[PDB]
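Before any comments, here is the structure.
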Amino acid sequence: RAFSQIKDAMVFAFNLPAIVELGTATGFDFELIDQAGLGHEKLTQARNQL
Amino acid sequence: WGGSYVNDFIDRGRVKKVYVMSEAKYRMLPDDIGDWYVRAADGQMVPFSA
């Protein structure tokens, strides 16, 4: 919190998980693939869509 | 008469090979080795049969 109230400088703080080197949060990890032609851009528009 | 691959261009985001070589029609029988000259140090174009 005390680090919110800071200039253009996102400054977070957080406690590391149990097993540093392991499967973190119950979250997900998704990966959007370029699967053809489509350049950076197209993927970006794609990414941004979703 | 034997291909040579200079280096790598890029095809829709997939690095690919690049090769210099003779159009088929100028490499098919021994009498074509008659077409290639080669610039000397005097700039005079000299031909193999030489």
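Labeling convention for the structure tokens: chains A, B, ... as they appear, residues from 1 per chain, ligands from 1 in order of appearance.
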
How close does chain B get to chain A? List, as a tab-separated table, each residue of chain B within 12 Å, its nearest atom pair and the distance in Å to one decimal, counting only C-alpha atoms.
residue	atom	partner	partner_atom	distance
B:10	CA	A:37	CA	11.8
B:11	CA	A:37	CA	9.0
B:12	CA	A:37	CA	5.5
B:13	CA	A:37	CA	7.1
B:14	CA	A:37	CA	9.1

Write a file of the just-selected residues containing N, CA, C and O atoms, as a PDB file, in the first residue's frame.
ATOM      1  N   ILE B  10      13.832 -14.309 -44.755  1.00  0.00           N
ATOM      2  CA  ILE B  10      12.771 -14.702 -43.845  1.00  0.00           C
ATOM      3  C   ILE B  10      11.380 -14.789 -44.511  1.00  0.00           C
ATOM      4  O   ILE B  10      10.844 -13.832 -45.102  1.00  0.00           O
ATOM      5  N   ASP B  11      10.741 -15.934 -44.381  1.00  0.00           N
ATOM      6  CA  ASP B  11       9.520 -16.085 -45.091  1.00  0.00           C
ATOM      7  C   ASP B  11       8.342 -16.060 -44.221  1.00  0.00           C
ATOM      8  O   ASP B  11       8.236 -16.931 -43.375  1.00  0.00           O
ATOM      9  N   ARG B  12       7.431 -15.102 -44.375  1.00  0.00           N
ATOM     10  CA  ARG B  12       6.326 -15.035 -43.368  1.00  0.00           C
ATOM     11  C   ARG B  12       6.748 -15.617 -41.990  1.00  0.00           C
ATOM     12  O   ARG B  12       6.108 -16.610 -41.576  1.00  0.00           O
ATOM     13  N   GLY B  13       7.856 -15.114 -41.370  1.00  0.00           N
ATOM     14  CA  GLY B  13       8.237 -15.377 -39.924  1.00  0.00           C
ATOM     15  C   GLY B  13       8.757 -16.757 -39.587  1.00  0.00           C
ATOM     16  O   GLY B  13       8.450 -17.383 -38.514  1.00  0.00           O
ATOM     17  N   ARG B  14       9.461 -17.273 -40.555  1.00  0.00           N
ATOM     18  CA  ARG B  14      10.059 -18.543 -40.414  1.00  0.00           C
ATOM     19  C   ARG B  14      11.381 -18.364 -41.171  1.00  0.00           C
ATOM     20  O   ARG B  14      11.353 -18.187 -42.501  1.00  0.00           O
TER      21      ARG B  14
END

(request) Write out as a VMD selection string all residues of chain B that backbone DSSP assigns to strand (DSSP E). (result) chain B and resid 4 to 11 14 to 20 37 to 39 45 to 47

(message) I'd like to know which of B:4, B:23, B:34, B:15 is closest to residue 46 (chain B), using only C-alpha atoms.
(response)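 Of B:4, B:23, B:34, B:15, the one nearest residue 46 (chain B), counting only C-alpha atoms, is B:34.
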
(request) For residue 35 (chain B), work out the shell of residues within 9 Å, counting only C-alpha atoms and skipping chain neighbours fewer than 6 positions away, then give it as a ChimeraX atom specification. (result) /B:26,47-48

Output N, CA, C and O atoms for every residue in the selection just made, as a PDB file, in the first residue's frame.
ATOM      1  N   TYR B  26      20.781 -23.043 -68.358  1.00  0.00           N
ATOM      2  CA  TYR B  26      22.158 -22.608 -68.713  1.00  0.00           C
ATOM      3  C   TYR B  26      23.160 -23.468 -68.082  1.00  0.00           C
ATOM      4  O   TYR B  26      24.320 -22.999 -67.802  1.00  0.00           O
ATOM      5  N   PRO B  47      36.552 -15.799 -70.519  1.00  0.00           N
ATOM      6  CA  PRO B  47      35.821 -17.013 -70.546  1.00  0.00           C
ATOM      7  C   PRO B  47      36.613 -18.240 -70.327  1.00  0.00           C
ATOM      8  O   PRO B  47      37.639 -18.404 -70.935  1.00  0.00           O
ATOM      9  N   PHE B  48      36.051 -19.142 -69.552  1.00  0.00           N
ATOM     10  CA  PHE B  48      36.673 -20.378 -69.184  1.00  0.00           C
ATOM     11  C   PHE B  48      37.599 -20.995 -70.213  1.00  0.00           C
ATOM     12  O   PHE B  48      38.705 -21.468 -69.832  1.00  0.00           O
TER      13      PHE B  48
END

(request) Please provide the set of residues having any atom within 10 Å of residue 33 (chain A), restricted to only C-alpha atoms, with same-chain residues fewer than 6 positions apart removed, written as a list in words. (result) residues 43, 46 and 47 of chain A

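The space between CA of residue 20 (chain B) and CA of residue 40 (chain B) spans 21.0 Å.
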
(request) Grab the CA of residue 27 (chain B) to CA of residue 1 (chain B) distance for me, in Å with one decimal place. (result)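 Calculated distance between CA of residue 27 (chain B) and CA of residue 1 (chain B) is 6.1 Å.
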
(request) May I ask for the distance between CA of residue 39 (chain B) and CA of residue 21 (chain B), given in Å to one decimal place? (result)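 Separation of CA of residue 39 (chain B) and CA of residue 21 (chain B): 17.9 Å.
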